[PDB]
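Colleague: Okay, so here is coords.csv, and as you'll see once you scroll down, it has CSV, C-alpha atoms.
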```csv
chain,number,residue,atom,x,y,z
A,1,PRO,CA,-0.9,20.7,16.0
A,2,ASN,CA,-2.5,17.3,15.2
A,3,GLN,CA,-3.2,15.8,18.6
A,4,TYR,CA,-4.2,12.5,16.8
A,5,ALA,CA,-0.8,12.0,15.1
A,6,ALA,CA,0.7,8.5,15.2
A,7,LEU,CA,4.2,9.8,14.4
A,8,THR,CA,6.2,12.9,15.3
A,9,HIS,CA,7.4,15.4,12.8
A,10,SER,CA,11.0,14.4,13.5
A,11,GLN,CA,10.2,10.7,13.1
A,12,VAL,CA,8.8,11.5,9.6
A,13,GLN,CA,11.7,13.8,8.6
A,14,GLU,CA,14.1,11.0,9.7
A,15,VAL,CA,12.4,8.4,7.5
A,16,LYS,CA,12.4,10.8,4.5
A,17,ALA,CA,16.1,11.4,5.0
A,18,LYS,CA,17.0,7.7,4.9
A,19,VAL,CA,14.7,7.1,1.8
A,20,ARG,CA,16.7,9.9,0.2
A,21,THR,CA,20.0,8.2,1.2
A,22,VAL,CA,18.7,4.9,-0.2
A,23,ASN,CA,17.5,6.4,-3.4
A,24,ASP,CA,20.8,8.1,-4.1
A,25,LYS,CA,22.7,4.8,-4.2
A,26,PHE,CA,20.3,3.0,-6.4
A,27,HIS,CA,20.8,3.4,-10.2
A,28,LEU,CA,18.0,1.8,-12.1
A,29,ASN,CA,17.9,0.5,-15.6
A,30,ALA,CA,15.3,1.6,-18.2
A,31,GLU,CA,12.6,-1.0,-17.4
A,32,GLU,CA,13.0,-0.5,-13.6
A,33,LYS,CA,12.6,3.3,-14.2
A,34,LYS,CA,9.3,2.7,-16.0
A,35,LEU,CA,7.8,0.7,-13.1
A,36,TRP,CA,9.4,3.3,-10.7
A,37,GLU,CA,7.5,6.1,-12.4
A,38,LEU,CA,4.2,4.2,-12.2
A,39,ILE,CA,4.9,3.6,-8.5
A,40,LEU,CA,5.5,7.3,-7.9
A,41,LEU,CA,2.2,8.2,-9.7
A,42,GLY,CA,0.3,5.6,-7.7
A,43,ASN,CA,1.6,6.9,-4.4
A,44,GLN,CA,0.9,10.4,-5.4
A,45,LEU,CA,-2.7,9.5,-6.5
A,46,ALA,CA,-3.2,8.0,-3.0
A,47,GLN,CA,-2.7,11.5,-1.5
A,48,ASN,CA,-6.2,12.2,-2.6
A,49,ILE,CA,-7.1,10.2,0.5
A,50,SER,CA,-6.8,12.4,3.6
A,51,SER,CA,-5.4,10.8,6.8
A,52,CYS,CA,-5.6,12.3,10.3
A,53,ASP,CA,-2.6,10.5,12.0
A,54,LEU,CA,0.2,12.6,10.5
A,55,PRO,CA,1.6,15.8,12.1
A,56,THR,CA,0.8,17.6,8.9
A,57,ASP,CA,-2.8,16.4,8.8
A,58,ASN,CA,-5.9,18.5,9.5
A,59,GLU,CA,-7.5,17.5,12.9
A,60,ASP,CA,-10.8,18.7,11.5
A,61,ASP,CA,-10.8,15.5,9.4
A,62,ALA,CA,-10.7,13.2,12.4
A,63,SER,CA,-14.4,12.2,12.4
A,64,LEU,CA,-14.6,11.4,8.6
A,65,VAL,CA,-11.4,9.4,8.9
A,66,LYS,CA,-12.9,7.5,11.8
A,67,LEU,CA,-16.0,6.8,9.7
A,68,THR,CA,-13.8,5.0,7.1
A,69,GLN,CA,-12.0,3.2,10.0
A,70,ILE,CA,-15.2,1.9,11.4
A,71,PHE,CA,-16.3,0.7,8.0
A,72,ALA,CA,-12.9,-1.0,7.5
A,73,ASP,CA,-13.0,-2.7,10.9
A,74,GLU,CA,-16.5,-4.0,10.3
A,75,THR,CA,-15.5,-5.1,6.8
A,76,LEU,CA,-12.4,-7.0,8.0
A,77,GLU,CA,-14.6,-8.8,10.6
A,78,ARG,CA,-17.0,-10.1,8.0
A,79,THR,CA,-17.1,-13.9,7.5
A,80,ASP,CA,-18.9,-13.7,4.2
A,81,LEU,CA,-16.1,-12.0,2.2
A,82,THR,CA,-12.7,-13.2,1.1
A,83,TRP,CA,-9.6,-11.3,2.3
A,84,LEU,CA,-8.9,-10.0,-1.2
A,85,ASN,CA,-12.5,-8.6,-1.4
A,86,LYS,CA,-12.2,-7.0,2.1
A,87,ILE,CA,-9.0,-5.2,1.1
A,88,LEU,CA,-10.5,-4.0,-2.1
A,89,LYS,CA,-13.8,-2.9,-0.6
A,90,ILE,CA,-11.9,-0.8,1.9
A,91,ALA,CA,-9.7,0.6,-0.9
A,92,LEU,CA,-12.8,1.7,-2.8
A,93,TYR,CA,-14.5,3.2,0.3
A,94,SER,CA,-11.4,5.2,1.2
A,95,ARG,CA,-10.9,6.6,-2.3
A,96,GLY,CA,-14.6,7.3,-2.7
A,97,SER,CA,-14.9,9.1,0.6
A,98,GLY,CA,-11.5,10.7,0.4
A,99,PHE,CA,-10.5,9.8,3.9
A,100,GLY,CA,-8.4,7.0,5.3
A,101,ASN,CA,-5.4,6.4,7.5
A,102,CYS,CA,-2.2,4.4,6.7
A,103,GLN,CA,-4.0,1.0,6.3
A,104,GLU,CA,-6.6,2.4,3.9
A,105,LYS,CA,-4.1,4.2,1.8
A,106,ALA,CA,-1.9,1.0,1.6
A,107,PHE,CA,-5.0,-0.9,0.5
A,108,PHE,CA,-5.8,1.7,-2.1
A,109,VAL,CA,-2.4,1.5,-3.7
A,110,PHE,CA,-2.6,-2.3,-3.6
A,111,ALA,CA,-5.9,-2.1,-5.5
A,112,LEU,CA,-4.5,0.4,-7.9
A,113,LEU,CA,-1.5,-1.7,-8.8
A,114,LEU,CA,-3.6,-4.9,-8.9
A,115,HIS,CA,-5.8,-3.1,-11.4
A,116,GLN,CA,-2.8,-1.8,-13.4
A,117,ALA,CA,-1.3,-5.4,-13.3
A,118,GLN,CA,-4.2,-6.5,-15.6
A,119,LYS,CA,-3.2,-4.1,-18.4
A,120,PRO,CA,-1.4,-5.6,-21.5
A,121,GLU,CA,2.3,-6.3,-20.8
A,122,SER,CA,2.2,-4.6,-17.4
A,123,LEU,CA,5.4,-4.7,-15.4
A,124,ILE,CA,3.5,-5.6,-12.2
A,125,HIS,CA,4.3,-9.1,-11.1
A,126,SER,CA,3.8,-9.4,-7.3
A,127,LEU,CA,2.2,-7.3,-4.6
A,128,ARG,CA,2.9,-7.8,-0.9
A,129,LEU,CA,1.2,-5.9,1.9
A,130,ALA,CA,3.1,-6.0,5.2
A,131,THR,CA,3.0,-4.1,8.4
A,132,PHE,CA,5.2,-2.5,11.1
A,133,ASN,CA,2.6,-3.0,13.8
A,134,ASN,CA,-0.2,-0.8,12.3
A,135,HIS,CA,2.0,0.9,9.7
A,136,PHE,CA,1.2,-0.8,6.4
A,137,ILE,CA,3.6,-0.8,3.4
A,138,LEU,CA,3.5,-2.3,-0.1
A,139,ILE,CA,6.3,-4.3,-1.7
A,140,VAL,CA,6.1,-4.5,-5.5
A,141,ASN,CA,7.9,-7.2,-7.5
A,142,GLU,CA,10.0,-7.8,-4.3
A,143,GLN,CA,11.9,-4.9,-5.9
A,144,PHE,CA,10.3,-1.7,-4.6
A,145,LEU,CA,8.8,-0.7,-1.3
A,146,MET,CA,5.9,1.8,-1.3
A,147,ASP,CA,4.7,3.7,1.8
A,148,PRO,CA,1.6,5.6,0.6
A,149,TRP,CA,0.9,6.9,4.1
A,150,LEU,CA,4.2,8.9,3.9
A,151,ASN,CA,4.2,9.2,0.0
A,152,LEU,CA,7.6,7.6,-0.1
A,153,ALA,CA,9.1,4.8,-2.1
A,154,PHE,CA,12.5,3.2,-2.6
A,155,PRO,CA,14.0,0.3,-4.5
A,156,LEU,CA,15.1,-2.9,-2.8
A,157,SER,CA,18.2,-4.8,-3.9
A,158,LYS,CA,16.6,-8.2,-4.9
A,159,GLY,CA,18.1,-10.6,-2.3
A,160,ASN,CA,19.4,-8.7,0.7
A,161,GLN,CA,16.4,-6.5,1.5
A,162,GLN,CA,16.5,-5.9,5.3
A,163,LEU,CA,19.5,-3.6,4.6
A,164,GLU,CA,17.3,-0.9,3.1
A,165,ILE,CA,14.1,-1.8,4.9
A,166,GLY,CA,16.1,-2.2,8.1
A,167,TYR,CA,17.9,1.1,7.4
A,168,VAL,CA,14.9,3.2,6.6
A,169,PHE,CA,12.7,1.6,9.2
A,170,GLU,CA,15.3,0.8,11.8
A,171,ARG,CA,13.3,1.8,14.8
A,172,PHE,CA,10.1,0.4,13.4
A,173,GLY,CA,10.4,-3.3,14.5
A,174,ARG,CA,9.6,-6.5,12.7
A,175,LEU,CA,7.9,-6.4,9.3
A,176,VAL,CA,5.0,-8.9,9.4
A,177,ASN,CA,3.3,-10.0,6.2
A,178,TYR,CA,-0.4,-9.2,5.8
A,179,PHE,CA,-1.5,-10.2,2.3
A,180,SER,CA,0.2,-11.0,-0.9
A,181,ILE,CA,-0.3,-12.1,-4.5
A,182,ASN,CA,2.7,-13.7,-6.3
A,183,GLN,CA,3.4,-13.8,-10.0
A,184,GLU,CA,1.7,-17.2,-10.2
A,185,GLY,CA,-1.6,-15.6,-9.1
A,186,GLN,CA,-1.6,-17.4,-5.8
A,187,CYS,CA,-2.9,-15.5,-2.7
A,188,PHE,CA,-1.4,-15.6,0.8
A,189,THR,CA,-3.0,-14.1,3.9
A,190,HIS,CA,-2.2,-13.7,7.6
A,191,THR,CA,2.5,-16.3,9.7
A,192,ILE,CA,1.6,-16.7,6.0
A,193,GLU,CA,-1.2,-19.0,4.7
A,194,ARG,CA,-2.3,-19.9,1.2
A,195,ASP,CA,-5.7,-18.3,0.6
A,196,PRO,CA,-7.6,-20.4,-2.0
A,197,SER,CA,-10.9,-18.5,-1.4
A,198,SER,CA,-9.3,-15.2,-2.6
A,199,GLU,CA,-7.8,-17.0,-5.5
A,200,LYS,CA,-11.3,-18.3,-6.5
A,201,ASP,CA,-12.7,-14.8,-5.9
A,202,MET,CA,-10.0,-13.2,-8.0
A,203,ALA,CA,-12.0,-12.5,-11.2
A,204,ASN,CA,-15.0,-11.0,-9.4
A,205,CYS,CA,-12.6,-8.8,-7.4
A,206,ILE,CA,-10.8,-7.6,-10.6
A,207,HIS,CA,-14.2,-6.9,-12.1
A,208,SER,CA,-15.2,-4.7,-9.2
A,209,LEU,CA,-12.1,-2.6,-9.7
A,210,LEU,CA,-12.9,-2.1,-13.4
A,211,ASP,CA,-16.4,-0.8,-12.3
A,212,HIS,CA,-14.6,2.2,-10.6
A,213,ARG,CA,-11.7,2.6,-13.2
A,214,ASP,CA,-11.7,6.4,-12.5
A,215,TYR,CA,-10.6,5.8,-8.9
A,216,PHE,CA,-7.3,4.4,-10.4
A,217,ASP,CA,-6.8,6.4,-13.5
A,218,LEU,CA,-3.2,7.5,-14.1
A,219,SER,CA,-3.6,8.1,-17.9
A,220,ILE,CA,-1.7,11.1,-19.3
```
Show me this structure written as structure tokens.
Modeller:
Amino acid sequence: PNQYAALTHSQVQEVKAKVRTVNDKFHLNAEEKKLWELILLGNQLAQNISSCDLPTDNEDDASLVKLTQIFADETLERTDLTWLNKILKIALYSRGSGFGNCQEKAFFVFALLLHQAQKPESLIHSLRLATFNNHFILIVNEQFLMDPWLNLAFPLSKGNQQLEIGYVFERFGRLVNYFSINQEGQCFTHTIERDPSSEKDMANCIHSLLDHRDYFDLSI
């Protein structure tokens, strides 16, 4: 039993059941299936990062997860870094250490897809981190929702989107945006605000991800 779990076993099994219901009704085209497979691989790669707040987690990992969480809290409080850089530094620390909770794993997949989005003719166009309280998720191309904490993903019907988000996460409350990058390369940070400092920091941030390419390698 994981005393530190932030959801119950049943709460998890319910979400998985609804993601299954949702994925059954979605029939994707070829290009959507390519991005889909990348999203699945990215979520799966994120499971290298061990959490301690799921019922299936090992309570023996609680202290090393707390170490990442203290690093993350201190990093987010810094005044000398942009928000994009804070997110990426935490992504890198979590992957490098192998420990992180929901926030860290969401940040890692954001970093992975931001890195992938630089590759020639990538299908990655937008990335939106948003939260149900402290439960982070990632919306890709306003077309897919990823939950690396739970290793689940499902498509969204572009337009009406609270039908599937509101179905899967019915008893999870309001989704609040956290940080996003649109197809134009503009950055938004937490109600939403344009984030020109992150925009100006973009290249240096992308460079720091290249310096740990192995953290994000999905190559066959």
Colleague: What does the structure give for the distance between CA of residue 153 in chain A and CA of residue 19 in chain A, in Å to one decimal?
Modeller: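 Result for CA of residue 153 in chain A versus CA of residue 19 in chain A: 7.2 Å, one decimal.
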Colleague: Ranking A:175, A:124, A:81, A:156 by minimum distance to residue 136 in chain A and counting only C-alpha atoms, which one comes first?
Modeller: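 Closest residue, counting only C-alpha atoms: A:175.
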Colleague: One decimal, Å: what's the distance from CA of residue 57 in chain A over to CA of residue 2 in chain A, could you say?
Modeller: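 Straight-line distance from CA of residue 57 in chain A to CA of residue 2 in chain A works out to 6.5 Å.
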Colleague: Could you tell me, as a compact mmCIF listing (two decimals) with C-alpha atoms, keeping the file's coordinate frame, which residues have any atom at most 12 Å from (14.1, 1.3, 11.4), counting only C-alpha atoms?
Modeller:
```txt
# COMPACT_ATOMS: atom_id res chain seq x y z
CA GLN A 11 10.20 10.70 13.10
CA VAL A 12 8.80 11.50 9.60
CA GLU A 14 14.10 11.00 9.70
CA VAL A 15 12.40 8.40 7.50
CA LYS A 16 12.40 10.80 4.50
CA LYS A 18 17.00 7.70 4.90
CA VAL A 19 14.70 7.10 1.80
CA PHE A 132 5.20 -2.50 11.10
CA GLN A 162 16.50 -5.90 5.30
CA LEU A 163 19.50 -3.60 4.60
CA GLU A 164 17.30 -0.90 3.10
CA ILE A 165 14.10 -1.80 4.90
CA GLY A 166 16.10 -2.20 8.10
CA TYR A 167 17.90 1.10 7.40
CA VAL A 168 14.90 3.20 6.60
CA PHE A 169 12.70 1.60 9.20
CA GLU A 170 15.30 0.80 11.80
CA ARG A 171 13.30 1.80 14.80
CA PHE A 172 10.10 0.40 13.40
CA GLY A 173 10.40 -3.30 14.50
CA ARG A 174 9.60 -6.50 12.70
CA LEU A 175 7.90 -6.40 9.30
```
Colleague: Set the distance at 10 Å and use only C-alpha atoms: which residues neighbour residue 63 in chain A once local chain neighbours fewer than 4 positions away are removed? I'd like the list as an MDAnalysis selection string.
Modeller: chainID A and resid 52 59 67:69 99
Colleague: (0.1, -2.6, -3.0) in this file's frame - what residues fall within 7 Å of it? Use only C-alpha atoms and give the answer as a ChimeraX atom specification.
Modeller: /A:106-107,109-111,113,127-129,138-140
Colleague: Could you dump the residues just selected with C-alpha atoms as a PDB file, in the coordinates of the input?
Modeller:
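Output saved as out_9.pdb:
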```pdb
ATOM      1  CA  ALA A 106      -1.900   1.000   1.600  1.00  0.00           C
ATOM      2  CA  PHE A 107      -5.000  -0.900   0.500  1.00  0.00           C
ATOM      3  CA  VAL A 109      -2.400   1.500  -3.700  1.00  0.00           C
ATOM      4  CA  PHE A 110      -2.600  -2.300  -3.600  1.00  0.00           C
ATOM      5  CA  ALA A 111      -5.900  -2.100  -5.500  1.00  0.00           C
ATOM      6  CA  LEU A 113      -1.500  -1.700  -8.800  1.00  0.00           C
ATOM      7  CA  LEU A 127       2.200  -7.300  -4.600  1.00  0.00           C
ATOM      8  CA  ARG A 128       2.900  -7.800  -0.900  1.00  0.00           C
ATOM      9  CA  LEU A 129       1.200  -5.900   1.900  1.00  0.00           C
ATOM     10  CA  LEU A 138       3.500  -2.300  -0.100  1.00  0.00           C
ATOM     11  CA  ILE A 139       6.300  -4.300  -1.700  1.00  0.00           C
ATOM     12  CA  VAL A 140       6.100  -4.500  -5.500  1.00  0.00           C
TER      13      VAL A 140
END
```
Colleague: Under the rule that all atoms listed in the file are counted, which of A:151, A:143, A:43, A:3 is the nearest residue to residue 58 in chain A?
Modeller: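 Of A:151, A:143, A:43, A:3, the one nearest residue 58 in chain A is A:3, counting all atoms listed in the file.
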Colleague: Would you list the contacts of residue 182 in chain A as a list in words, taking every protein, DNA or RNA residue within 12 Å and counting all atoms listed in the file, but skipping same-chain residues closer than 3 positions in sequence?
Modeller: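 These residues fall inside the cut-off: residues 114, 117, 124, 125, 126, 127, 128, 129, 139, 140, 141, 142, 179, 185, 186, 187, 188, 189, 194, 195 and 199 of chain A.
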Colleague: Any idea what's packed within 9 Å of residue 154 in chain A, counting all atoms listed in the file, ignoring anything in its chain fewer than 2 positions away? Could you give it as a list in words?
Modeller: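 Counting all atoms listed in the file, the residues come to residues 19, 20, 22, 23, 26, 36, 143, 144, 145, 146, 147, 152, 156 and 164 of chain A.
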Colleague: For residue 5 in chain A, which of A:180, A:157, A:85, A:51 is the closest residue, counting all atoms listed in the file?
Modeller: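 Smallest separation from residue 5 in chain A among the options: A:51.
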Colleague: Which of these, A:93, A:98, A:45, A:206, has the shortest distance to residue 148 in chain A once you count all atoms listed in the file?
Modeller: A:45
Colleague: For CA of residue 25 in chain A and CA of residue 8 in chain A, determine how far apart the two atoms are, in Å to one decimal place.
Modeller: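 Rounded to one decimal, the two atoms are 26.8 Å apart.
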Colleague: Please identify all polymer residues within 12 Å of range 210-212 of chain A, counting all atoms listed in the file, omitting same-chain residues fewer than 3 positions from it, and present them as a list in words.
Modeller: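 Non-adjacent residues within range: residues 88, 89, 91, 92, 93, 95, 96, 111, 112, 114, 115, 116, 118, 119, 203, 204, 205, 206, 207, 215, 216 and 217 of chain A.
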